[PDB]
Amino acid sequence: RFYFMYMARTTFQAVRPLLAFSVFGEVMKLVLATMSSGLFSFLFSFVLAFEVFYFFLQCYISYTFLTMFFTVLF
Amino acid sequence: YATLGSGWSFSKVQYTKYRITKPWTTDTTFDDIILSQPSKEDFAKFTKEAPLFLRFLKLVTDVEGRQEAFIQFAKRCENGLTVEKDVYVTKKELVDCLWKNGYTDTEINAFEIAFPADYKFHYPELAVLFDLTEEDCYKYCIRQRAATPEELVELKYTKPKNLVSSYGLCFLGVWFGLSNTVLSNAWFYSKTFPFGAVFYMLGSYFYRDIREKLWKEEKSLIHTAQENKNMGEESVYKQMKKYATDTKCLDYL
Amino acid sequence: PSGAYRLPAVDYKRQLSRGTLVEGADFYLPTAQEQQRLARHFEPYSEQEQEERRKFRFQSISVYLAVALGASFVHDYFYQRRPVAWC
Amino acid sequence: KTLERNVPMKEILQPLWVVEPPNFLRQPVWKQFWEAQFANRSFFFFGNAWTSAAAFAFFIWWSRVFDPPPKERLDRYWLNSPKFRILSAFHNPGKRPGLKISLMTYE
Amino acid sequence: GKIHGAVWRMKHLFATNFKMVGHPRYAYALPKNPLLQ
Amino acid sequence: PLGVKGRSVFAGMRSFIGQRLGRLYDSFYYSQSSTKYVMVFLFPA
Amino acid sequence: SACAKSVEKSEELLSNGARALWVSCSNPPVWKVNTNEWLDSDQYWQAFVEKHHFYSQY
Amino acid sequence: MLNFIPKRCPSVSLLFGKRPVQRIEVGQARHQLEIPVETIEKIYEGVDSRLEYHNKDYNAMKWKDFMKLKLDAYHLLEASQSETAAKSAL
Amino acid sequence: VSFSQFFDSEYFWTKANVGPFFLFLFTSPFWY
Ligand SMILES: CCCCCCCCCCCCCCCCCC(=O)OC[C@H](COP(=O)([O-])OCC(O)COP(=O)([O-])OC[C@@H](COC(=O)CCCCCCCCCCCCCCCCC)OC(=O)CCCCCCCCCCCCCCCCC)OC(=O)CCCCCCCCCCCCCCCCC
Ligand SMILES: CCCCCCCCCCCCCCCCCC(=O)OC[C@H](COP(=O)([O-])OCC(O)COP(=O)([O-])OC[C@@H](COC(=O)CCCCCCCCCCCCCCCCC)OC(=O)CCCCCCCCCCCCCCCCC)OC(=O)CCCCCCCCCCCCCCCCC
Ligand SMILES: CCCCCCCCCCCCCCCCCC(=O)OC[C@H](COP(=O)([O-])OCC(O)COP(=O)([O-])OC[C@@H](COC(=O)CCCCCCCCCCCCCCCCC)OC(=O)CCCCCCCCCCCCCCCCC)OC(=O)CCCCCCCCCCCCCCCCC
Ligand SMILES: CCCCCCCCCCCCCCCCCC(=O)OC[C@H](COP(=O)([O-])OCC(O)COP(=O)([O-])OC[C@@H](COC(=O)CCCCCCCCCCCCCCCCC)OC(=O)CCCCCCCCCCCCCCCCC)OC(=O)CCCCCCCCCCCCCCCCC
Ligand SMILES: CCCCCCCCCCCCCCCCCC(=O)OC[C@H](COP(=O)([O-])OCC[N+](C)(C)C)OC(=O)CCCCCCCCCCCCCCCCC
Ligand SMILES: CCCCCCCCCCCCCCCCCC(=O)OC[C@H](COP(=O)([O-])OCC[N+](C)(C)C)OC(=O)CCCCCCCCCCCCCCCCC
Ligand SMILES: CCCCCCCC/C=C/CCCCCCCC(=O)OC[C@H](COP(=O)(O)OCCN)OC(=O)CCCCCCC/C=C/CCCCCCCC
Ligand SMILES: CCCCCCCCCCCCO[C@@H]1O[C@H](CO)[C@@H](O[C@H]2O[C@H](CO)[C@@H](O)[C@H](O)[C@H]2O)[C@H](O)[C@H]1O
Ligand SMILES: CCCCCCCCCCCCO[C@@H]1O[C@H](CO)[C@@H](O[C@H]2O[C@H](CO)[C@@H](O)[C@H](O)[C@H]2O)[C@H](O)[C@H]1O
């Protein structure tokens with residue numbers, strides 16, 4: 001069972017950035033497709049920037065957990 | 001290209017939003033020597049006043065015992081010396097060379113009292129003054145100018161080239177590159193502009209912190225190297241000075 | 001068992017008690033010519049060896065390109081062929 | 001004498017070689033790879049060295065998993081593939097290969 | 001890149017010392033100084 | 001000094017196989033009875 | 001004779017020291033110098049790099 | 001010190017042997033030191049011309065001679081650092 | 001060269017060229 005647990009954890013930590021980049025991207029794309037005015041767009045630019053920062057945070061977390069999971073003593 | 005120069009000063013530059021400006025000229029243009037890779041004919045020419053140099057040359061030639069050279073050079077140079085403009089060696093560099101190569105204090109003081117501080121010696125002057133070849137003097141001047149490449153050099157102005165073909169190719173470029181929805185894409189607005197703008201803002205806001213954090217190690221290494229060099233040289237010098245008086249044993253014996 | 005085919009080693013604890021354990025050199029140097037380089041101080045590399053070494057001051061992007069093109073050609077047109085419809 | 005030759009700048013300033021990177025080891029790549037085999041923890045694809053990555057790549061290439069499928073298995077993935085469809089359309093310029101693809105599946 | 005950084009530091013920290021003709025762990029192999037006594 | 005005169009590479013192979021088999025028998029003898037029989041006969045079989 | 005020989009070898013020592021000082025003062029700044037050129041000039045530190053980075057990978 | 005010997009050609013080192021003496025500045029205080037040009041030229045007998053660095057203005061010495069020079073420097077330096085050093089090089 | 005004196009250890013590891021032999025050994029599956 002430990003092998004299954006480990007592979008699950010590894011795959012989750014590996015796909016975390018892909019999710020942050022793809023599904024939240026689809027949400028942003030829905031919003032872009034639906035919005036027309038200028039005030040809402042001005043306010044949504046900051047959401048896009050926050051998504052940038054969140055993607056970088058997820059990438060850092062994944063890097064940390066992956067260097068923990070792929071570190072061998074011998 | 002190699003980084004020429006005898007200086008240990010770790011120097012970095014910060015840029016402005018203004019371009020370098022030089023006095024207007026209808027025939028010349030200023031450019032970087034390493035980026036242009038100019039030739040002797042690409043260099044611009046001008047006329048320089050002789051007398052101040054011809055007097056010193058007559059003196060040196062009367063001392064050395066070669067007056068045919070002075071006569072020939074004076075007959076060549078009358079009405080001014082026509083020479084490439086930005087191929088020269090400064091008085092300070094020349095004095096350093098003389099001193100490190102063993103010219104006497106009398107000759108060095110003669111140079112100093114004869115020429116102003118901002119005088120610029122060109123390769124024909126150097127050749128006729130040291131009995132060398134103008135080719136070698138030209139190469140030396142070029143190396144000494146490349147050692148200080150922040151100063152632009154003056155070349156002959158040339159009209160642009162291949163403007164018609166360049167126009168055709170640029171039209172083709174726009175015709176194939178703007179006939180698309182790239183600059184209006186959801187990908188653009190979601191990734192390209194946000195990521196790029198965030199990188200640009202962070203770089204503009206931490207422009208100096210980043211540079212300093214990167215250059216810390218190099219500065220420390222350069223400091224360490226210079227300190228080691230100095231201490232070793234000083235120790236060796238003082239020890240040889242201590243042992244300098246070990247030759248008189250023979251003449252005493 | 002007789003003992004001829006015994007394990008050719010002693011446990012690290014017993015070695016440590018004997019005062020025999022060594023820990024280092026994840027790598028090794030096979031030849032004495034290579035072992036005594038840092039000790040010679042005057043001829044770390046023979047003249048012939050120096051002349052041979054001077055041929056690898058840079059990596060050969062030309063050889064890289066040639067080998068990569070050859071391998072790509074082989075891999076694509078001998079090992080990775082797939083059918084295509086014809087009308 | 002006077003100077004008349006047009007002296008190029010390449011006779012004076014020599015540019016450094018930066019196109020292909022330096023080899024501080026002064027040893028070829030295959031010799032590096034061979035040396036790594038006898039070093040501890042770098043044998044073939046064990047370890048996390050570059051040689052280990054290279055050997056793992058060669059191992060998966062030498063395996064069968066990345067080879068093309070047989071004719072008995074083409075219609076599992078390949079005949080419904082975007083690459084296959086685009087290539088068929090491209091190499092049959094003004095035609096429609098749907099019918100020929102159906103017949104290839106039948107075959 | 002690791003090798004490049006290592007050599008780049010070795011340059012600055014060794015090439016101008018006058019005390020590191022080689023590595024200290026191999027100083028036993030150097031000739032003896034005629035000035036010491 | 002690689003190889004010896006009068007000896008054959010096939011004899012060397014035979015000697016190496018003998019060494020391997022003897023080492024395997026020694027390692028199987030000096031092992032836990034709870035694990036070795038299972039892991040060596042029942043799971044493989 | 002022996003005094004002359006001792007003076008000769010001491011002068012050789014001091015001349016080598018002066019040559020070393022001249023070489024040092026005429027050398028370019030080591031941070032301006034190219035790294036691979038320095039390593040090509042130096043043959044001892046080549047062996048130091050090969051030992052720890054060619055015979056090992058970690 | 002580095003194994004970079006300047007080429008004595010005038011296109012590189014203008015006025016090398018025009019006079020019988022060389023001069024150098026030493027240390028942070030920049031003490032002056034004069035050296036005979038023959039003592040200097042002794043180096044260009046070990047200089048190797050196959051090797052040229054730093055815009056092809058510096059050759060390299062043979063490692064034997066360069067390391068002998070470094071060893072003399074190191075001996076002088078360690079003698080300076082020590083206190084039981086000999087009062088003479090005889 | 002004879003079979004025995006070729007497969008002798010000394011001649012096989014010092015003077016012989018085992019290149020073709022080991023190439024045939026590696027490619028055995030192809031020939032089979
Ligand atoms: C398989 C199926 C497909 C097959 C078909 C393929 C079709 C290919 C078509 C051919 C064109 C190929 C593409 C290149 C185009 C040229 C681009 C170019 O050079 O321009 C830069 C050219 C250079 O200027 P620059 O780059 O700014 O500065 C450089 C200096 O000019 C300095 O320049 P320079 O010193 O290097 O040269 C100067 C030259 C520049 O003049 C030119 O523009 C060159 C044009 C030459 C075209 C030759 C085509 C050859 C292939 C077709 C064969 C036709 C048979 C004729 C054979 C040649 C013998 C007569 O002439 C002059 O400027 C005036 C002085 C005249 C001196 C004598 C010149 C003739 C030399 C003798 C012939 C040499 C033949 C070489 C052998 C070729 C072997 C393959 O300036 C121009 O742009 C010229 C104007 C552009 C031409 C088009 C004018 C508008 C007309 C448009 C056509 C109508 C619209 C289309 C509708 C058509 C409906 C039917
Ligand atoms: C038909 C019979 C059977 C087939 C055999 C066909 C013929 C081969 C026969 C056997 C070999 C030749 C035998 C006669 C040699 C006689 C001449 C001689 O003695 O010396 C050789 C002769 C002269 O030697 P030399 O006198 O010492 O002087 C050499 C020069 O100074 C230059 O020295 P250097 O230090 O400057 O080295 C230059 C190096 C420069 O250094 C480098 O290698 C840096 C670049 C490395 C790239 C990453 C390496 C990945 C390696 C994967 C390898 C497996 C891939 C799977 C294979 C299929 C690939 C499609 O460039 C290379 O030559 C290596 C190229 C490696 C192949 C490129 C693979 C593609 C890389 C893709 C990377 C990009 C990925 C993103 C793609 C997306 C693009 C949009 O030159 C050579 O032939 C070099 C041999 C090249 C062998 C590959 C390098 C070793 C890499 C080991 C990888 C693991 C392989 C595991 C082996 C199998 C397991 C045991
Ligand atoms: C039907 C019922 C089946 C049930 C089983 C029945 C019985 C059948 C026999 C047993 C079969 C299972 C074998 C298990 C052995 C390994 C696992 C184990 O538990 O061993 C522990 C057992 C006890 O070890 P220990 O108590 O922990 O410590 C003592 C040391 O082992 C003591 O070490 P040492 O000081 O005595 O000597 C050092 C030792 C080192 O052994 C070890 O300590 C670890 C060995 C590493 C194992 C995994 C390596 C995988 C490497 C990846 C390969 C990549 C190749 C890439 C090539 C690229 C080039 C293109 O040397 C070796 O023996 C290894 C040599 C083979 C390694 C080959 C790797 C490539 C290098 C090539 C070298 C040149 C060829 C050899 C030439 C020799 C002169 C003729 O190990 C041994 O007794 C010796 C190691 C095993 C050697 C192989 C023995 C023959 C196996 C024959 C297998 C064929 C089966 C097919 C049968 C037919 C079916 C149809
Ligand atoms: C033990 C510790 C760890 C040691 C690690 C050592 C590291 C080196 C390992 C060697 C590297 C290769 C290993 C790859 C993984 C193995 C599986 C594999 O890849 O192949 C799968 C492949 C089957 O996969 P598949 O899913 O069925 O796919 C079928 C396709 O047709 C697929 O076939 P295909 O149509 O695509 O054609 C290619 C296929 C087809 O290949 C064949 O056709 C097989 C038949 C070829 C016969 C050629 C004539 C040979 C004449 C005999 C030579 C003397 C052999 C002496 C014994 C072997 C010595 C190593 O072969 C290959 O794909 C390449 C494999 C052959 C590469 C050469 C490797 C030779 C082994 C070198 C080992 C050296 C070091 C060993 C370590 C020593 C320990 C100290 O293997 C086979 O086809 C059968 C293997 C041969 C077994 C026959 C013998 C069975 C034993 C009972 C026989 C009864 C008499 C014996 C009684 C015993 C006396 C007491
Ligand atoms: C075929 C595909 C192989 C590709 C992957 C493997 C790597 C490719 C390189 C070849 C692999 C084999 C390298 C063997 C190196 C050992 C050489 C050596 O001298 O070892 C010491 C032995 C023992 O020597 P010795 O002890 O008798 O006498 C010499 C003593 N000393 C060493 C002290 C001087 O020498 C040999 O006899 C040669 C052995 C190698 C030949 C056999 C190859 C082994 C691989 C097959 C394993 C199965 C064996 C049973 C085969 C039965 C055949 C019917
Ligand atoms: C591309 C492929 C690359 C991958 C490499 C592929 C090839 C190499 C793969 C090897 C990896 C797997 C190796 C695992 C080996 C584990 C097996 C094992 O060790 O057994 C468990 C036992 C377990 O012993 P243990 O239980 O005492 O201790 C094990 C470890 N602890 C202490 C933590 C529990 O191991 C042995 O003791 C014996 C091992 C050697 C014998 C191997 C089997 C052959 C035996 C034949 C002799 C039969 C004699 C019969 C005589 C009867 C009368 C007495
Ligand atoms: C984010 C986590 C991602 C982790 C995913 C990493 C997957 C690693 C697992 C792959 C290695 C597994 C070892 C399998 C060995 C099986 C036993 C064995 O020896 O069989 C040999 C057998 C060869 O036999 P034949 O095909 O018959 O040879 C014929 C020769 N012509 O080996 C194989 O089949 C090769 C197996 C290929 C594995 C699949 C490749 C997957 C690609 C992975 C690379 C992509 C990057 C992966 C992320 C890196 C994670 C560290
Ligand atoms: C310039 C000369 C250089 C020398 C290069 C020599 C290399 C020769 C090695 C060729 C080995 C090719 O090995 C072969 O690859 C092809 C793929 O293309 C495979 O081809 C397989 O898939 C294709 C496509 O589905 C089908 O035609 C069929 O199912 C089958 O042939 C073979 O199953 C395999 O046996
Ligand atoms: C640098 C030193 C190198 C020393 C080692 C030299 C290696 C020599 C062996 C490599 C030569 C090619 O090796 C051989 O290639 C062919 C084609 O891939 C393979 O052949 C295999 O695929 C082909 C094509 O499907 C089939 O026809 C064949 O039935 C099958 O066995 C062999 O299984 C392999 O043994």
# chains A, B, ... in the order shown; residues from 1 in each chain; ligands from 1

$ residues_near_ligand --ligand "ligand 2" --cutoff "7 Å" --atoms "only C-alpha atoms and all ligand atoms" --output "list in words"
residues 55, 56, 58, 59, 60, 61, 63, 64, 67, 68, 71, 72 and 75 of chain C; 27, 28, 29, 30, 33, 51, 54, 55, 57, 58 and 61 of chain D

$ residues_near_ligand --ligand "ligand 3" --cutoff "6 Å" --atoms "only C-alpha atoms and all ligand atoms" --output "ChimeraX atom specification"
/C:7-8 /F:13,16,20,23-24,27,40-41

$ write_last_selection --atoms "C-alpha atoms" --output "compact mmCIF listing (two decimals), in the first residue's frame"
# COMPACT_ATOMS: atom_id res chain seq x y z
CA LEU C 7 31.21 -13.01 2.30
CA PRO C 8 34.34 -11.02 1.33
CA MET F 13 33.70 -18.96 -16.85
CA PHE F 16 33.22 -17.88 -11.91
CA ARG F 20 28.65 -17.52 -7.72
CA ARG F 23 28.24 -17.70 -2.57
CA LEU F 24 24.52 -18.12 -3.21
CA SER F 27 23.97 -16.59 1.66
CA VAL F 40 12.93 -18.11 -3.06
CA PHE F 41 10.51 -20.97 -3.81

$ residues_near_ligand --ligand "ligand 9" --cutoff "7 Å" --atoms "only C-alpha atoms and all ligand atoms" --output "ChimeraX atom specification"
/I:23,26-30

$ residues_near_ligand --ligand "ligand 6" --cutoff "9 Å" --atoms "only C-alpha atoms and all ligand atoms" --output "ChimeraX atom specification"
/D:45,59 /F:21-41

$ write_last_selection --atoms "N, CA and C atoms" --output "PDB file, in the first residue's frame"
ATOM      1  N   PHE D  45      22.043   3.567 -15.501  1.00  0.00           N
ATOM      2  CA  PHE D  45      20.926   4.468 -15.230  1.00  0.00           C
ATOM      3  C   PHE D  45      20.645   4.658 -13.747  1.00  0.00           C
ATOM      4  N   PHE D  59      18.036   3.536 -22.708  1.00  0.00           N
ATOM      5  CA  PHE D  59      17.367   2.303 -22.316  1.00  0.00           C
ATOM      6  C   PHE D  59      15.920   2.292 -22.787  1.00  0.00           C
TER       7      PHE D  59
ATOM      8  N   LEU F  21      27.718 -19.757  -7.427  1.00  0.00           N
ATOM      9  CA  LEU F  21      26.807 -20.725  -6.825  1.00  0.00           C
ATOM     10  C   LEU F  21      27.165 -20.990  -5.369  1.00  0.00           C
ATOM     11  N   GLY F  22      28.457 -21.095  -5.064  1.00  0.00           N
ATOM     12  CA  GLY F  22      28.857 -21.274  -3.679  1.00  0.00           C
ATOM     13  C   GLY F  22      28.463 -20.098  -2.810  1.00  0.00           C
ATOM     14  N   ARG F  23      28.649 -18.881  -3.322  1.00  0.00           N
ATOM     15  CA  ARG F  23      28.243 -17.700  -2.573  1.00  0.00           C
ATOM     16  C   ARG F  23      26.737 -17.683  -2.352  1.00  0.00           C
ATOM     17  N   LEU F  24      25.965 -18.072  -3.369  1.00  0.00           N
ATOM     18  CA  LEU F  24      24.517 -18.125  -3.209  1.00  0.00           C
ATOM     19  C   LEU F  24      24.119 -19.129  -2.139  1.00  0.00           C
ATOM     20  N   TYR F  25      24.746 -20.305  -2.138  1.00  0.00           N
ATOM     21  CA  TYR F  25      24.423 -21.294  -1.117  1.00  0.00           C
ATOM     22  C   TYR F  25      24.775 -20.782   0.271  1.00  0.00           C
ATOM     23  N   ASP F  26      25.930 -20.132   0.410  1.00  0.00           N
ATOM     24  CA  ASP F  26      26.315 -19.587   1.707  1.00  0.00           C
ATOM     25  C   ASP F  26      25.316 -18.540   2.182  1.00  0.00           C
ATOM     26  N   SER F  27      24.907 -17.640   1.287  1.00  0.00           N
ATOM     27  CA  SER F  27      23.974 -16.587   1.665  1.00  0.00           C
ATOM     28  C   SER F  27      22.594 -17.143   1.982  1.00  0.00           C
ATOM     29  N   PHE F  28      22.186 -18.217   1.306  1.00  0.00           N
ATOM     30  CA  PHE F  28      20.906 -18.838   1.619  1.00  0.00           C
ATOM     31  C   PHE F  28      20.964 -19.570   2.952  1.00  0.00           C
ATOM     32  N   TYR F  29      22.093 -20.214   3.247  1.00  0.00           N
ATOM     33  CA  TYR F  29      22.244 -20.889   4.529  1.00  0.00           C
ATOM     34  C   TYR F  29      22.195 -19.890   5.674  1.00  0.00           C
ATOM     35  N   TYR F  30      22.959 -18.806   5.565  1.00  0.00           N
ATOM     36  CA  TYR F  30      22.971 -17.779   6.607  1.00  0.00           C
ATOM     37  C   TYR F  30      21.893 -16.740   6.306  1.00  0.00           C
ATOM     38  N   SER F  31      20.651 -17.166   6.516  1.00  0.00           N
ATOM     39  CA  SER F  31      19.492 -16.320   6.291  1.00  0.00           C
ATOM     40  C   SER F  31      18.361 -16.793   7.189  1.00  0.00           C
ATOM     41  N   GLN F  32      17.318 -15.974   7.273  1.00  0.00           N
ATOM     42  CA  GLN F  32      16.162 -16.299   8.093  1.00  0.00           C
ATOM     43  C   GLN F  32      15.320 -17.368   7.413  1.00  0.00           C
ATOM     44  N   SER F  33      14.933 -18.388   8.181  1.00  0.00           N
ATOM     45  CA  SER F  33      14.056 -19.424   7.656  1.00  0.00           C
ATOM     46  C   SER F  33      12.644 -18.914   7.417  1.00  0.00           C
ATOM     47  N   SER F  34      12.263 -17.811   8.060  1.00  0.00           N
ATOM     48  CA  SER F  34      10.907 -17.302   7.922  1.00  0.00           C
ATOM     49  C   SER F  34      10.672 -16.672   6.557  1.00  0.00           C
ATOM     50  N   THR F  35      11.719 -16.135   5.936  1.00  0.00           N
ATOM     51  CA  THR F  35      11.598 -15.348   4.715  1.00  0.00           C
ATOM     52  C   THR F  35      12.197 -16.018   3.493  1.00  0.00           C
ATOM     53  N   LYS F  36      13.305 -16.741   3.655  1.00  0.00           N
ATOM     54  CA  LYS F  36      14.071 -17.181   2.498  1.00  0.00           C
ATOM     55  C   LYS F  36      13.326 -18.252   1.714  1.00  0.00           C
ATOM     56  N   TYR F  37      12.786 -19.256   2.406  1.00  0.00           N
ATOM     57  CA  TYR F  37      12.060 -20.311   1.710  1.00  0.00           C
ATOM     58  C   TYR F  37      10.914 -19.728   0.899  1.00  0.00           C
ATOM     59  N   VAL F  38      10.096 -18.889   1.531  1.00  0.00           N
ATOM     60  CA  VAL F  38       8.998 -18.241   0.822  1.00  0.00           C
ATOM     61  C   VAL F  38       9.528 -17.495  -0.394  1.00  0.00           C
ATOM     62  N   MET F  39      10.349 -16.470  -0.154  1.00  0.00           N
ATOM     63  CA  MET F  39      10.769 -15.562  -1.212  1.00  0.00           C
ATOM     64  C   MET F  39      11.545 -16.258  -2.321  1.00  0.00           C
ATOM     65  N   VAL F  40      12.092 -17.446  -2.069  1.00  0.00           N
ATOM     66  CA  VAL F  40      12.927 -18.110  -3.058  1.00  0.00           C
ATOM     67  C   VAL F  40      12.220 -19.257  -3.772  1.00  0.00           C
ATOM     68  N   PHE F  41      11.174 -19.831  -3.185  1.00  0.00           N
ATOM     69  CA  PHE F  41      10.510 -20.969  -3.807  1.00  0.00           C
ATOM     70  C   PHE F  41       9.023 -20.765  -4.040  1.00  0.00           C
TER      71      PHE F  41
END

$ residues_near_ligand --ligand "ligand 7" --cutoff "9 Å" --atoms "only C-alpha atoms and all ligand atoms" --output "number ranges by chain"
A: 7, 10-15, 66, 70; D: 48, 56-57, 59-66

$ residues_near_ligand --ligand "ligand 8" --cutoff "8 Å" --atoms "only C-alpha atoms and all ligand atoms" --output "number ranges by chain"
C: 70, 74, 76-83; D: 67-72, 74

$ residues_near_ligand --ligand "ligand 5" --cutoff "7 Å" --atoms "only C-alpha atoms and all ligand atoms" --output "list in words"
residues 1, 2, 3, 4, 8, 9, 10, 11, 12, 13, 15, 16 and 17 of chain F; 25 and 26 of chain I

$ write_last_selection --atoms "N, CA and C atoms" --output "compact mmCIF listing (two decimals), in the first residue's frame"
# COMPACT_ATOMS: atom_id res chain seq x y z
N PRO F 1 48.32 -7.84 -15.58
CA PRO F 1 48.52 -9.08 -16.33
C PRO F 1 47.22 -9.86 -16.54
N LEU F 2 46.59 -9.67 -17.70
CA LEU F 2 45.33 -10.32 -18.00
C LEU F 2 45.58 -11.71 -18.58
N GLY F 3 44.82 -12.68 -18.09
CA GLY F 3 44.92 -14.03 -18.60
C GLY F 3 46.22 -14.72 -18.23
N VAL F 4 46.21 -16.05 -18.28
CA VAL F 4 47.39 -16.86 -18.02
C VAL F 4 47.51 -17.91 -19.12
N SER F 8 42.00 -21.47 -20.13
CA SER F 8 41.02 -21.09 -21.14
C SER F 8 39.94 -20.21 -20.53
N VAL F 9 39.40 -19.32 -21.37
CA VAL F 9 38.33 -18.43 -20.93
C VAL F 9 37.12 -19.23 -20.50
N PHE F 10 36.93 -20.42 -21.08
CA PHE F 10 35.82 -21.27 -20.67
C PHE F 10 36.06 -21.82 -19.27
N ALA F 11 37.30 -22.18 -18.96
CA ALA F 11 37.63 -22.57 -17.60
C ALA F 11 37.40 -21.43 -16.63
N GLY F 12 37.73 -20.21 -17.05
CA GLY F 12 37.44 -19.05 -16.21
C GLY F 12 35.96 -18.87 -15.96
N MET F 13 35.15 -19.03 -17.01
CA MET F 13 33.70 -18.96 -16.85
C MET F 13 33.21 -20.02 -15.86
N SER F 15 34.88 -21.46 -13.42
CA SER F 15 35.28 -21.08 -12.07
C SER F 15 34.39 -19.97 -11.52
N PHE F 16 34.07 -18.98 -12.36
CA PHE F 16 33.22 -17.88 -11.91
C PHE F 16 31.83 -18.37 -11.54
N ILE F 17 31.27 -19.28 -12.34
CA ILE F 17 29.95 -19.82 -12.04
C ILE F 17 29.99 -20.60 -10.74
N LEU I 25 28.63 -12.00 -31.08
CA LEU I 25 27.96 -12.38 -29.84
C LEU I 25 26.80 -11.45 -29.53
N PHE I 26 27.00 -10.15 -29.71
CA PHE I 26 25.94 -9.19 -29.45
C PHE I 26 24.79 -9.34 -30.44

$ interface_residues --of "chain H" --to "chain E" --cutoff "7 Å" --atoms "only C-alpha atoms" --output "VMD selection string"
chain H and resid 1 to 2 70 to 71 73 to 75 79 84 to 86 89
